[PDB]
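What follows is one chain in structure tokens, specifically the form deposited in one PDB entry.
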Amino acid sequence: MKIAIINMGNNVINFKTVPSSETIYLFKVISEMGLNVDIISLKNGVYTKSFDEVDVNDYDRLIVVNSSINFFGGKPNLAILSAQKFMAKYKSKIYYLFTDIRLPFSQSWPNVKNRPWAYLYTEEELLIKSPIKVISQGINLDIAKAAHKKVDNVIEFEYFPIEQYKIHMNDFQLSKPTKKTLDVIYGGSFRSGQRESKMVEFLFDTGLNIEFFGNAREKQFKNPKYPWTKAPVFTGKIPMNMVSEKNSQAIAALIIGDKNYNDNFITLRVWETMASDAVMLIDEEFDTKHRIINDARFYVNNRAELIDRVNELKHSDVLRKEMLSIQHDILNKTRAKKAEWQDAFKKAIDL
């Protein structure tokens, strides 16, 4: 049993980029599961083999991490093109890891064919005809199915909390008490504006010392529907393996998501935040049934409630420590089900 895992549109090398990091982490957690897996990318490296040095059909299972297939500047993107050529040659079922609602499986050929450089490729080369099974991080498969409505070869859907790899990794550990320099923190990208209203609501004009780290930039928030005066402080992006340490500099860390994530997707930040030294504060709409932690003190409905909660946390060190103790225990509750999680993944990829 040999498994191949690839990222459909991003080069994989190290932990300097998020897509590369997620791919390596998945490779690691699958390996720690007792499975023989290889990461196939553009070049041979510390964690990878190149597309050229291997035969896709030498593998028994092909796993693909979701990604956009958009061509920046309209120019060829070898990460995208090489990955799909690899996939198109595979003669068995493909397992697509759907971790981001905006990145459902999509065919590059329909786009490439109209490009002025189309002559460089053919339909037979890029068109992926193998049947595809979507492994949805979201529990709502109707939403997963609707997202893949344009690709008829995606004929199977199954829910699996992919993002838990963060807590099941053999090297995982909870963050230690950290000196506080911030009131609230949130790390992420602008996600093409899909979450602008929520970002402005909880991170702007709060009167608190808030930091927004990651790819996002202040100038991207210009939608007239979500105006603001005082923005949080934007700092550069950091490696994925340094995220919890970063969250730990703040008294609290925000949990928000895209509209389609509400009561559907549990995201990486949920675990990265819960494991940190920052109290997890969740937007009520993101988890209305409080399935993350059955304690209302971890939830906020709007900007005003977030500010009030942070003031309480700043006022009572006892409250802050209690809540940290609670979220750490709750996280460990899920870690205790590692064996089941591992078995569910194997079942997901027909093992």
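One-based numbering along the sequence shown. If you superpose the two forms and keep the largest set of C-alpha atoms that fall within 1.5 Å, you have the rigid core.
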For this session: Check whether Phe221 goes without coordinates in at least a third of the other compared PDB entries of this protein that model residues on both sides of it.
Result: no
Exercise. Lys113: absent from a third or more of the other PDB entries compared?
Worked result: yes
For this session: Check the entry's C-alpha temperature factors for 182-190 and 121-129, then say which stretch has the higher mean.
Result: 121-129
For this session: Name the higher of the two by mean Cα B-factor in the PDB entry, 159-167 versus 108-116.
Result: 108-116
Problem set entry | Residue of maximum C-alpha B factor among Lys259, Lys149, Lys198, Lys246, per deposited coordinates | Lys149
For this session: For the C-alpha B-factor as written in the entry, point me to the maximum among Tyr95, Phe265, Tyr90, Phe202.
Result: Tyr90
For this session: Sort the modelled residues of this chain by their C-alpha B factor and say whether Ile24 lands in the lowest, middle or highest third.
Result: lowest
For this session: Would you check the entry's CA temperature factor for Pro76 and let me know if it's in the chain's lowest, middle or highest third?
Result: highest
For this session: Would you mind checking where the Cα B-factor of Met1 ranks among the modelled residues of its chain, as the lowest, middle or highest third?
Result: highest
Exercise. What third of its chain, lowest, middle or highest, does the C-alpha temperature factor of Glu284 fall into?
Worked result: lowest
Seminar exercise, completed: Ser67: C-alpha B-factor third of its chain, per the entry, is the middle
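Just so it is clear, the following notes concern the form deposited in another entry, a form of the same protein that is not shown.
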Problem set entry | Which one of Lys166, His148, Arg269, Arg195, by Cα shift of 2 Å or more between this form and the one not shown, core superposed | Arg195
Exercise. Does superposing the core leave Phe221 with a CA shift of 2 Å or more between this form and the one not shown?
Worked result: yes
Exercise. Does the C-alpha of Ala231 move 2 Å or more between this form and the one not shown once the rigid core is lined up?
Worked result: yes
Exercise. Do you see a C-alpha shift of 2 Å or more at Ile256 between this form and the one not shown, with the core held fixed?
Worked result: yes
